[PDB]
Amino acid sequence: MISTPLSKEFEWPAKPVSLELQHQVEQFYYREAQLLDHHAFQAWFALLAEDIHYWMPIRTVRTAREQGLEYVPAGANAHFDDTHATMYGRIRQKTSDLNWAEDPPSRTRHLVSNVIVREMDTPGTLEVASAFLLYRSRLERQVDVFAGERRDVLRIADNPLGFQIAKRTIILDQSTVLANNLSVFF
Amino acid sequence: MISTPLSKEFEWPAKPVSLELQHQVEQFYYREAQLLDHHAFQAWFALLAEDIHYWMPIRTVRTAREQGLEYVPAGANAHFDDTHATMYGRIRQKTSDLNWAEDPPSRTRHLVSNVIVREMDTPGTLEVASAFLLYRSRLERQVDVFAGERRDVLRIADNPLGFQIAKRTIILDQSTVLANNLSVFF
Amino acid sequence: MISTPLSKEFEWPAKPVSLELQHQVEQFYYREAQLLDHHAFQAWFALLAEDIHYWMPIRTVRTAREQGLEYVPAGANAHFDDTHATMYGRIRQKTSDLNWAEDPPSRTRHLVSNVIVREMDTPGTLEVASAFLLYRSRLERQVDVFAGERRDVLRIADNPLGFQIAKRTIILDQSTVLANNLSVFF
Amino acid sequence: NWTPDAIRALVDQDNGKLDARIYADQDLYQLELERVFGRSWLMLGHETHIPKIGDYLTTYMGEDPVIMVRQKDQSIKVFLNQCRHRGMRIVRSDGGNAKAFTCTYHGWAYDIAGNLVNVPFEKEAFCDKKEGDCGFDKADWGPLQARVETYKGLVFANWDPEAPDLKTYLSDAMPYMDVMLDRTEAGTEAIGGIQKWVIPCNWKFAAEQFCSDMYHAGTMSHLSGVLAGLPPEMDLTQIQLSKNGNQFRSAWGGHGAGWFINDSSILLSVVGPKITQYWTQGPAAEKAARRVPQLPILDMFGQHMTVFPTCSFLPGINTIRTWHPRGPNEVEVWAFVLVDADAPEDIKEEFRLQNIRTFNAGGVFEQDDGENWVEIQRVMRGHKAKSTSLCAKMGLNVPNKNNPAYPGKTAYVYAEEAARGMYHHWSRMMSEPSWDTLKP
Amino acid sequence: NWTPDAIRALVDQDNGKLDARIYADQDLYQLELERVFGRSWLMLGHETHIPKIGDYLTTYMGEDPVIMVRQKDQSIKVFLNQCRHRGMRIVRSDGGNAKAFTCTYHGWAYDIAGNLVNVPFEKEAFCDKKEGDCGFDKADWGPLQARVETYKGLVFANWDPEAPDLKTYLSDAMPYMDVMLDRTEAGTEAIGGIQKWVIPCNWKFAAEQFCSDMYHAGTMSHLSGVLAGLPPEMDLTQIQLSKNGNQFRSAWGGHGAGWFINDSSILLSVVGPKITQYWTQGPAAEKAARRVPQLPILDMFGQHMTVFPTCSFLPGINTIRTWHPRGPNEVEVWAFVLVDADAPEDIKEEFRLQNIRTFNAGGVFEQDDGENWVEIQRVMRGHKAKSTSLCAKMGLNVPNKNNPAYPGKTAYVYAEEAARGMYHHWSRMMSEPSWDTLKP
Amino acid sequence: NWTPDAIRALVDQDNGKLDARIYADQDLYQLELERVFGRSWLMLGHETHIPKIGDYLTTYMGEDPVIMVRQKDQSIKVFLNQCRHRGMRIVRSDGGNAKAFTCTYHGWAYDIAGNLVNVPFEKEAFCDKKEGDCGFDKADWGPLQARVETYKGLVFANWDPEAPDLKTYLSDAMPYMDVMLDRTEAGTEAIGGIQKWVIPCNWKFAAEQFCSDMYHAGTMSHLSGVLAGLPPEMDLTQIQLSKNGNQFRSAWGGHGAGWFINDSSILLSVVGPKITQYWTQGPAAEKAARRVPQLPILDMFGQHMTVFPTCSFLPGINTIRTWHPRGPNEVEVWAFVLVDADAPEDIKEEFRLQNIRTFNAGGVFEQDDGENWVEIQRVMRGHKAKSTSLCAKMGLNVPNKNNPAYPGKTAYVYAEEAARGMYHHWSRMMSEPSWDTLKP
Ligand SMILES: c1ccc(-c2ccccc2)cc1
Ligand SMILES: c1ccc(-c2ccccc2)cc1
Ligand SMILES: c1ccc(-c2ccccc2)cc1
Ligand code: FES
Ligand code: FES
Ligand code: FES
Ligand SMILES: [Fe+2]
Ligand SMILES: [Fe+2]
Ligand SMILES: [Fe+2]
C-alpha cells in the first residue's frame, strides 16, 4: 500500500511472490548497487522513470503521545524531494568533475537485503520494500554509515536491466544527519 | 544439530534445501524484521511459540588452551534467558509508554542474510542459521551496531506469516557489551 | 569479464542465471562465511584451489583527471597477493596458537549479499561478484568494520561444499587501512 | 591561560591578518562558551514553530540544551533543559504540546513557565509540618532562565542580564534583515521540518561565509551547483559571471551582509524564474519596497547575511540556520525555510522544493560548502598549520568601494570588511570582561 | 589547578548543594584516579571466581588492569597487568588457570605471585659472569602489587600502604553488608558469568543511586519494570506504592544503604514469590536472622547498598557490581550474581533467571536506569549546565526520620543523607593529602 | 608545564630507566610536535615517487600535511598543504602530475614551487590601480616552505633553518643506511604503492623496535611468522634460533641498527632462498661489498634500522616506512618497498611478493608487532600504569659486547644501547631550546 505510514510496517501480500519474480527484483537491485558503487551515474539515471519521485523525509525524536509526528510530512521540508528534472541536475553535478564534495569521489557500498515484493493491480508494476546498509568512506579516514529502508514502485521496462524506478521513498534510521552531507544516492 | 557448540560452525545438511523452502524462511525473517523495525511488538510476540526459549549467552576473551571456555554455558549468567512468560513482560514494558530506555523509541534496522536451513526429523520443524547486522540509533546522535549469528528452531504455523519461533539462540560478536543497554530484540 | 577494471561495474550476463545456480552459489558463500566466523581455517583452506590467486589491491585518493590511477596495479604493492603456498603459511600461523594478533581470536561476521553470477565458457566455471560487510571485534572493545566487493572465479568440485575458489579479488572500500591490521580473511 | 592582550593579537583588522589558532584551540573555545555564546543573542527558531499555548521546541544555546515554550499570555520563555535535582534532561522530545514538563528520573514536574510545581514525596521527605519549613522550597530549584526577545518572527535568547537589548545588539543591521523578514504585514512563517546535520568544522568558518564571503560563490566553490540548475542545452561556458555588488559591515556587533546589484543571475540559478519574478515584480515586490525604504531591495540579488555570532540566512532563497558549536572542531547546522505568510501557494511550494535542491544537507550548493570547511579543520590538526597567519586583507585600504545608497559601512561584494568586523568583535567579546566597555 | 578549599566548596552537606562540575570536569577526574581510586578499597570479584591454585581473573582498579590470582598457600595476590620491560599486557585472557604469566613481546615470564622468574637471554645479554653482576636483577622488575583483603567472599584491593585496613575502612556498614553476605555458614558463591557493559555516564551517578536513591524506584523510573512482572489481569493501577522504610549513612567512608520495612511488594516485583518466601520464611531465613543480630533483617525488603567508592549490590535480588571508571563521561559495569552456597537448586535457578530478567544489560529495570544517567551526562556538556547548583537537600533538617532498631546514622527511605555522606567523603579524599587526617 | 630538568628525569640512560609517561602524556606530545618533529629531518618518500617535472606526492611532517613536488630544475620542494587565505587543503590527491595547485574554496592558484601566482578578482577587489598598491602582495602569501635534502634516493625534510644539514644530522650512521641504499651505482627504486594503515600506539614503540629491538624477533613475537615460511614437513622444533650478532648506536642523533652475523636463518625465513642468494652471492653482492667498505655487509643478516625520529627500514627485506604521529595514542604507518634499480626482474618480483607476505598491514610478521604495541597503549590508560618505571637496562655495564669490525659504538644484538641512545637524544631535543647546544 503506497500511502502506508512510514512508521508502520510494509503491507506484504497474503503469500510471498514467485521465486522467479523475487530473483528478478533482487538481481535488479544488485545491478543498481553496482552502478552506484562504481560511479556509473549516467547509467544509474537511465533507470529512473520520467515520472520519478525521489523522496527522503526528515525524521524527528518524539515521546509517546506525539509519535504520529515522527515523520515530517509530504509537502514540507525534507532531505530529498526530487523529480526527473532535479535528479538530472544532481547527475550533471556528479559527472562535472567540479563537485568538490565528490571529487575525489567517495567509496561506497550499497548492501541490499530484506527484499519484500508486492504485485500491484497495474500489470508489470510492483511495490518493493528493502533494507539497506550504505557504507561510505572518502579521502583519508572519513567513514559514514547509513542504514534504513527503501519503499519503491518499480515498472517493467525494455531496458537491459528490465526495470525502471517509478517512485522511491527512503527511510533513514537517523533523526539528526550524522554525516557532513548526503552527497550519495540511496 | 541443536547442541552444536556456538564456537563451532552450523551443521548444514548434505545438500541445500529446496528453492521454495529457502524463499519461505527468508521471507518470514524479512517480515519479522519489518515488525521489529516498525515497533509492532505485539505482532512480533505472536510469532513466539508457547514453549519459546530466547537465549543470548555471554562471550568471554580466552587464549589458546582455554578456548572451550569462550561461551558462558547454559544454566549460568546470560544477556538473555527467556520463556514465553518473561518475553510477555518485556513486550508489556515496550508497549507501556513508560519504558524510558525506549521512549523516545530507538530507530532500528535488522539486516538478515546468510540464511542456512536444515530440515529436522519432525515434519514442519526446521533449524535455521543466519547472520545479522542490527543497526540501532536513538535520540540525537547515539549509534550502536550489533553483529552476529542467530540459530533458530522454527515450526510451521497457521498464522499469516506461516511460521513460529520455537527456539532462538543469539551469538553476539562482542564480549563486553559496547552499548549502554540491550533494549532491542534480536 | 575477468580483466574488467575494479573501478568499473561488474559485467553481468544479458539475463540473470537460473534460480538453482543462484541458490547454490549463495549457499556456498554462506557456508564459507560460517567456516571463517567459527575459525575453521583448515576447512576453509580446503576450499581454495591449487592455482588460487588471492589478491587485494591498494586503493588511492585521486582527483578527476587521474582517476585511472585509483587502483595500484597488479605487479605492484598490495594488501594481499597470494598463492596456494603462501595462503598455506597464513593458515599455519592462524592455527599455531602463537599468532598473537589472533590469540585471543577475533570475533567476526561475514555478511554476504548482492551476489551476481556469470557463467564462463569453461563448463562448471563461474565468475561471481558480491558485496560484503566484515564486522570484526576483539578483546575488550576493539571494533573494525570492513566493507567492499569480492570478484571470484569459482569451479565446481567433488567436495561436500560443491565449489572451489580459483581466484579472488577483493575491493576494499578504504584507501588508508583504518584497522591496525588485516589479520582476517576476506 | 590567555591574556586580553594575547587574545587581541590573534585578530588584526588594521593589517588584515588572522591567527589560525582561533579555529582549533580548545582553551579559546572554552572562553568562547563563556564570553561569546554565554552573553550573545542566539537564534533558537521562529514564532511559527510554537504558535499555540503550551507548544515547545527543544533547541540549543551553544552546547546548552534549552526549551523554547509559548506561555498562556502569548509570551515566550526559554530555560535550560536540565532538572535541578540531578541534572536529567526534562524534555526528551524535539517538540510538541505540553501542560507540564516531567523529569523521568524522580518525577520532578515543572510548569510551562519553568517553575518547579510538583516534587513527589515532598510532604513525607522534604518537610516536617508544612512545605518549606525545613529549608526546601520549590521556588529555589527551577532551571536557569534566559532573556527572550523576538525580531519580526525570529526568536532570540541571551543568558546575560547585563547584555544590551536585542535591537541595540543588532546595531544598524536591521534593514538588511528586513529584506527577508519584513516584506509583508502578514510576516513570515516557517515551513515544517528543521533539518539537522553535523559538520566537523569550526563555527566561525560557516558564520564568516554567510557574513562576508560572496567571493567563494563567485569563484569556483559552486560551479557544479550552478550547472545543476542549467538546462541540457546550456553549460558553464554560456553563463556569464557577475561582478557588480556590495557588502555591509555593522557599526557594532560583527554583523555582515553581501549582495549583487542589478543582476538576477546568481539568484535565478538557485531559486529559478518563478521566485525571481516574485522577488522583483508585482504587488508583493512593490509592497516590500515600501516596507524597507532604507534599502534599494529591488536591485539586490543573492544576499547573504550573518547576525553575530551564529544566525545566518540568505534573503531571496530564504534558507535560515543556527550554527550550534560542538567543540572547536565540530558544528551542528539547524536549518529551516521561511516564506511570506501571504505568498501564493505555488510560490511557497517553489520555495520549499528549491531549498531542498540547493541549501540542504544533500543540496547541490550546500554539500560543496561543507567539504571545504571539513578539509580546513583537518589540516589545522598540524602543528605548523594551526599557527599560520591567514590573509584577511581583501579590500583593506582599497578606495571608492562603498555605496551611499546603503546605510552604514559598505565595501565591494568581493571583500572581507564584514569579515574583519566579525573577527574584531569576536576579539572584543573574548578580551573585555565587562559590558561597560563592550556595549555600543 | 584545584585547591583543597575549591574542592571542598563543590560539596555542601550542611546546605544540601552539589556543584555539577564534579560529574564532568576532566581535571577533577584525574585527581579522582590519584586521591580516590588510587587509595580506596575496590571490589575485584568473589573468592569463588578463583577457587583453585593458579586460578586467575583479570579485572580493574580504576583504569588500571590487574590480575587477581590464587596462590599456593590459598592466599590471593593482586598485581598490575603490565610488564616492567615495555609495558605490554602480561595476561590477555578474562580468566583461567596458569602456572606462569608470560609476556608475548619479549618472553618475560612471571610466576603466579607476580615475581619475574624468566628473562630470555639473561646470561648472554643482561649479565657478565653471574646473574645480577651488571646491575640487572629480576627481583627489581615485578609489576606493582596491591594490598589484598577479603570480606566474607568479596575480594577487595588497595594500592596505598598508608590506607586503613578493609574492616576499619568499612566503618559501621558491615552488618548491612551481612544481609547478603553472611546469611549462612556455607557462605556465598558467584554464578558463572560476569556481565560487562559500557555506560557513557559518570561513576558517581551509579554509585549514589545504590548508596542513597530508593527515591527513583518509588517514583517513575521503574514503572515499566514493575509492569513487566505483573500478570495479564493486573496493571499499575492495582498495585500500591510503598512508603515505609529507612536509609543508613556510615559514620565514616561514604557508605550507604536503603530499604523498605514490612512490605515485600518491591522485592516481589523483582525476584518473585519463590525467592521472597526463601528470604523471609523457613530454616534459611531463621538462620540468617541469628547470624545478623544487629539488624531486623526479616523486616527489611528491597535493600540497596554502595560500599564507597564503586562496590554496589542489592541484597534480596543479589546482583552485585563494580563501576569501573572510564573518564568523567563513561563507566564500565562488571556485574555478577551471588547465591547462598547451601541454597536449594530451584532457589539458585530462580535467582539466576530473575537477575537476567531485571538487573542486567538487557534487564527490565537496569535499562531504564542507564538511560537516565546517559542523558544527564549529555546535558552536562553545556557550559551553563556543567556549573549548575544541584539539590541535595532531601531530608536535611527534617526531624524524627531516624530508626533506633538500626545501628549508626539513619534517615527516611526517601532521603539523601547517605548521598550527602558519599559526596562529603568524596570531597575529603579529594582535598586531604594525608591519611593522618583522613583516617577514621 | 614541563621544565627541562623534569623532562630529562623521564629518561635515565646511566641507570637504564624509562618513565612510562613519555608514551601517553598529551602535554609531552605537544612539545614533541614543536621540539622533535618541528626541527628533525623526516622522511617523506623516494625520488622515484616523483621522477618527472610537476610530479607530486602528498605526505606528512608530523601531523602537518605537505606537498613533495619535482621542480623544473629537477630539484625537490616541500611546502605545507594549506592555503594562506582560509587554510583549505590545496591538493586533495595522493599524487600525480600538475602544472599548478588550485584551492577549491576561492580559486587561489599556486605554482609547483609553492608561489601564489593567481588570485581571482585581484584587480577588482585587492588593489586600486596596480597589483600591490593597497598592501596585498601575492609574494607574501605562500605556504610555509621546508628545507629539502636527499640521501641516496630518500627524500628528507626539515622546517628549522637553524637545524644541521642532513648528513651532519645522520652522524656516523650513514654506512649502515648504505647496506640498503648504496649497493649499486644504479641506485634504488620504489615499487609502486605506498601502504597506509592506522595503529593506536605511540610512535616511539615502533621507532625503538626498528632502532634497537632484535630481542622481540629472537624470542616469541614472531614464532608464528617464522612457521608461516616453513614447509609442511618442517616445524619450529627443527629450526635453530640465532644468537650471534651486534647492534649500533649513533654518536649523535639517536639513530640505531641491529643485525645477526654469519647466520642467514632469520633472513631466509622472511625473504626466502632466492633473495638470500642475491644478497650474499654473485656480482651484485660483490659490487655492494666494494661500495660499502666500512662494513662487512656480506656477513650481516636481518638488519633493522631507525633514522631518528621516524624513518625505519629493514635492509635485506627492504621494507621502509615513516611513522606519522597522530597524538600520543596513535600512529599512521606509510610503508613502501625498495629494490635495486638494476636487479633482475625475478628478484624484483620476489622482493615484491615476500614483502606483502611479511611486512605489510596483513603480513605474517607485521600483524603480531602491532598487536603488542596496541595493548601496551591500552594499559597505559591506567593511572598507576602510566607512571611506571620501565626497564631499559639491557646490556648496560655489560663488558666485551662491542665489535671492532663496525664503526661507532657497538653492543650485542640483544641489547638496548641504541634504545638508550634514542631516548637520551629524545630528552635532549625536548629539553634544549637551542641548536647552539643540541648540534653535534
Ligand atoms: C554564503 C552562503 C551562500 C552564499 C550565496 C551563494 C549563491 C547565491 C547567493 C548566496 C553566499 C555566502
Ligand atoms: C538503586 C538500585 C536499585 C534499587 C532497587 C530498585 C527496586 C527494588 C529494590 C532496589 C534501588 C537503588
Ligand atoms: C624491528 C623490526 C623487524 C625486525 C626483524 C625481524 C625479523 C627479521 C629481521 C628483522 C627487527 C626489529
Ligand atoms: S533528576 Fe530530575 S527528578 Fe531527580
Ligand atoms: S614488554 Fe614484556 S617482555 Fe618486553
Ligand atoms: S581558502 Fe584557499 S582560496 Fe580561500
Ligand atoms: Fe556557499
Ligand atoms: Fe534503578
Ligand atoms: Fe617485529
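Per chain, numbering begins at 1; letters A, B, ... match sequence-line order. Heavy-atom basis, side chains included; hydrogens, waters and symmetry copies ignored. Just so you know, ligand 1 is whichever comes first in the structure, and atom 1 is the first atom listed for that ligand.
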*Ring-face cation contact, E:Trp279 with E:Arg183, 6.0 Å cut, 45° max*: yes

*Classify the contact between E:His304 and ligand 2 as side chain, backbone, both or neither, using a heavy-atom distance cut-off of under 4.0 Å.*
side chain

*Numbering the atoms of ligand 2 from 1, which are under 4.0 Å from a heavy atom of E:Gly302?*
9 (C), 10 (C)

_Is the shortest side-chain heavy-atom distance between B:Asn181 and E:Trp197 below 4.5 Å?_
no

*Hey, which atoms in ligand 2 end up nearer than 4.0 Å to a heavy atom of E:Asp213?*
11 (C), 12 (C)

*Numbering the atoms of ligand 2 from 1, which are under 4.0 Å from a heavy atom of E:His216?*
1 (C), 11 (C), 12 (C)

*Numbered atoms of ligand 2 (with element) below 4.0 Å of E:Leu314, judged on heavy atoms*: 2 (C), 3 (C), 4 (C)

*Report the name of the N/O/S atom of E:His222 located nearest to the Fe ion (ligand 8).*
NE2

*Region of E:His222 that comes within reach of ligand 2 [heavy atoms, distance under 4.0 Å]*: neither

*Do F:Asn202 and F:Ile376 have side chains that get closer than 4.5 Å, going by heavy atoms?*
no

*So, does C:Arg92 use its side chain to make a donor-acceptor pair with the main chain of F:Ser224 at under 3.5 Å?*
no

*Just to the nearest 10 degrees, tell me the angle at the Fe ion (ligand 8) spanned by E:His216 NE2 and E:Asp369 OD1.*
90°

*Without swapping roles, check the side chain of E:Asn318 against the backbone of E:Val339 for a donor-acceptor pair under 3.5 Å.*
no

*Counting each atom of ligand 2 from 1 as listed, which ones have a heavy atom of E:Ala217 under 4.0 Å away?*
6 (C)

*Do you know the tightest heavy-atom contact between F:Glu332 and F:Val198?*
CG-CG2, 3.8 Å

*Show your reasoning for whether side-chain contact (heavy atoms from CB on, under 4.5 Å) applies to E:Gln367 and B:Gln93.*
CA-CA 11 Å; E:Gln367 69 185 254; B:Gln93 176 175 50; 3.8 Å; yes

*Which ligand 2 atoms does E:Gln209 reach within 4.0 Å, using its non-hydrogen atoms?*
1 (C), 2 (C), 12 (C)

*Region of E:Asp369 that comes within reach of ligand 2 [heavy atoms, distance under 4.0 Å]*: neither

*asked:* Using a 3.5 Å distance criterion without hydrogens, assess whether the side chain of F:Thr306 forms a donor-acceptor pair with backbone atoms of F:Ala207.
replied: yes

